[PDB]
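The chains referred to below are lettered A, B, ... by the order of the sequence lines, with proteins before strands, and numbering in each begins at 1.
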Amino acid sequence: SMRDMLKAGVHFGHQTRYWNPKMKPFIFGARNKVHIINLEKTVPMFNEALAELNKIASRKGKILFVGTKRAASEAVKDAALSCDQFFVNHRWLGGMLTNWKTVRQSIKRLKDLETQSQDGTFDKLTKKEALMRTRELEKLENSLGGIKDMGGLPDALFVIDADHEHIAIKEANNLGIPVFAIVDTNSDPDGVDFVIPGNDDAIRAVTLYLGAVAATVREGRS
RNA sequence: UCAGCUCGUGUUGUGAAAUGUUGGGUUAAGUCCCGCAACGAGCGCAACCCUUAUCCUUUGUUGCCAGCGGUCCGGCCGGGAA
Ligand SMILES: [K+]
Ligand SMILES: [K+]
Ligand SMILES: [Mg+2]
Ligand SMILES: [Mg+2]
């Protein structure tokens, strides 16, 4: 709803100087040298994206949430876990999708290390070796924790800030994976299949998007 | 004995190529961490080997002599295993 979005601060945009001219249709206007996104445009476009996401969920298609920004990192994890969907909330590895075959090997290493930790193999290691393994496991977990159970290419991508996650979008476009993304005034919307014009900086705005997308997929799954 | 030299897949470039391997620190070291369109891997680095420095255990002659006994004063002898 528009009332919730204005409360969330979805309408707030970046400063006019950093705008991308392709975003002009979505922008309502500028106040205090800050672009204001037209919520009237956002609400129908958000609804259309949610409807498609619901359909993909009904088909049992895997959904990947990307939110590398630290502010939204935890929220992206929680929303994906809530809907039992895969996520990436730390730096996106270039070639995660395009070079999935190579990236899979790291996933296999992560799960092996996890089992070894549970096994107590680390105890057999001479402390230092265990520490190295532990450090490796932590790094692998942060990067590949969300996609460890994905076991293939995601059927759809939901992205926060298209500009920040340009690599991920470019990979998705290459592999013909549909992209759903929140595009702020500064960002370019050409890559995204389904564009949602909203603030991506604000956690409150981010949570609103994530809550809705998690809910719609969950209904699709049911 | 210098810390270099490369590859697969991905990505960028019409292309030769590039990236990875650069960057911020750090190291004897492409050593390590962090960052990062790269993600991984191999040969090198290091370690694994030999010798040297300390200690313990076992063994005690052809090596040893602290404590005993005796001396031809030489562990020399009976001994002892320190
Ligand atoms: K050129
Ligand atoms: K290459
Ligand atoms: Mg090395
Ligand atoms: Mg060596």
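B/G75 has a negative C1'-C2'-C3'-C4' torsion, placing its sugar in the south range. At B/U62 the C1'-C2'-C3'-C4' dihedral is negative, so the sugar adopts a south, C2'-endo-type conformation. A negative value of the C1'-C2'-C3'-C4' torsion places the sugar of B/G60 in the south (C2'-endo) family.
Between the side chains of A/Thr126 and A/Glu129, at least one donor N or O sits under 3.5 Å from an acceptor N or O. Residues A/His164 and A/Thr68 bring a donor and an acceptor atom of their side chains to less than 3.5 Å of each other. The closest side-chain donor-acceptor pair between A/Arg221 and A/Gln85 falls under 3.5 angstrom. For the 3.5 Å distance criterion, the side chains of A/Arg218 and A/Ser82 qualify, holding a donor opposite an acceptor. A donor atom on one side chain and an acceptor atom on the other are not found under 3.5 Å apart for A/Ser187 and A/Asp184.
With both hydrogen-bonding distances under 3.5 Å, B/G23 and B/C34 qualify as a Watson-Crick or G-U wobble pair. If you check B/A46 against B/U62, you find neither a Watson-Crick nor a G-U wobble pair with both contacts below 3.5 Å. Between B/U9 and B/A38, a Watson-Crick or G-U wobble pair is formed, both defining distances falling under 3.5 Å. Judged by the 3.5 Å cutoff on both pairing distances, B/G10 and B/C48 do not qualify as a Watson-Crick or G-U wobble pair. If you check B/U21 against B/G8, you find neither a Watson-Crick nor a G-U wobble pair with both contacts below 3.5 Å. In this structure, B/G40 forms a base pair with B/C7, meeting the Watson-Crick or G-U wobble definition at 3.5 Å.
Residue A/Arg109 is out of contact with every strand shown, counting any heavy-atom pair closer than 4.0 Å. Among the atoms of the strands shown, only primed sugar atoms or phosphate atoms (P, OP1, OP2) are found under 4.0 Å from some heavy atom of A/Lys139.
Distance noted for atom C1' between B/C34 and B/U27: 15 Å (whole Å). Across the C1' atoms, B/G10 and B/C39 are found 7 Å apart, a figure rounded to whole Å. Taking atom P in both B/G63 and B/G78, one finds a spacing of 14 Å when rounded to whole Å. For the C1' atoms, the distance from B/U6 to B/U21 is 10 Å, rounded to whole Å. Spacing between B/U31 and B/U22 at atom P, rounded to whole Å, works out to 11 Å. Nucleotides B/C45 and B/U19, compared at atom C1', are 24 Å apart to the nearest Å. Nucleotides B/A16 and B/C7, compared at atom P, are 14 Å apart to the nearest Å. Rounded to whole Å, the separation between the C1' atoms of B/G80 and B/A53 comes to 31 Å.
RNA chain B is contacted by A/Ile167 of residues 151-167 of chain A, taking any non-hydrogen atom closer than 4.0 Å.
Cluster annotation: A/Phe194 is not connected to A/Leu64 through the hydrophobic network of ILVMFWY side chains, with a link wherever side-chain heavy atoms come within less than 4.5 Å.
Both conditions of the stacking definition, centres under 5.5 Å apart and planes under 30° apart, are not jointly satisfied by the base rings of B/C48 and B/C49. The six-membered rings of B/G13 and B/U14 are unstacked under the 5.5 angstrom centre distance and 30 degree angle criterion. For the consecutive pair B/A37/B/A38, the pyrimidine-type rings do not sit with centres less than 5.5 Å apart and planes less than 30° apart, so they do not qualify as a stack. For the neighbouring bases B/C76 and B/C77, a stacking contact is recorded, both ring-centre distance under 5.5 Å and ring-plane angle under 30° holding. With a 5.5 Å centre cut-off and a 30° plane cut-off, the bases of B/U21 and B/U22 come out unstacked.
Among all heavy-atom pairs drawn from A/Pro189 and A/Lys22, the shortest one is CD-CB, 3.9 Å.
For B/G74, the base adopts the syn conformation, since its glycosidic angle falls within 90 degrees of zero.
A donor-acceptor contact shorter than 3.5 Å is absent between the side chain of A/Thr121 and the backbone of A/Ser117. One N or O on the side chain of A/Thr42 and one on the backbone of A/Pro197 form a donor-acceptor pair closer than 3.5 Å. Panel note: side chain A/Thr115, backbone A/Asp112; a donor-acceptor pair is recorded below 3.5 Å. Judged by distance alone, the side chain of A/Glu171 and the main-chain N or O of A/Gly94 form no donor-acceptor pair under 3.5 Å.
Nucleotides of RNA chain B nearest to A/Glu171 and A/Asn174 differ in position, and the one nearer the 5' end is that of A/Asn174. Between A/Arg135 and A/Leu144, the residue anchored nearer the 5' end of RNA chain B, judged by the nucleotide with its closest heavy atom, is A/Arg135.
You'll find the side chain of A/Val88 stays beyond 4.5 Å of the side chain of A/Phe65, heavy atoms only.
Base pairing annotation: B/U51 forms no Watson-Crick or G-U wobble pair, as no partner gives both donor-acceptor distances under 3.5 Å.
Taking every nucleotide of RNA chain B with any atom under 4.0 Å from a non-hydrogen atom of chain A, the first and last of them, 5' to 3', are B/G8 to B/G40.
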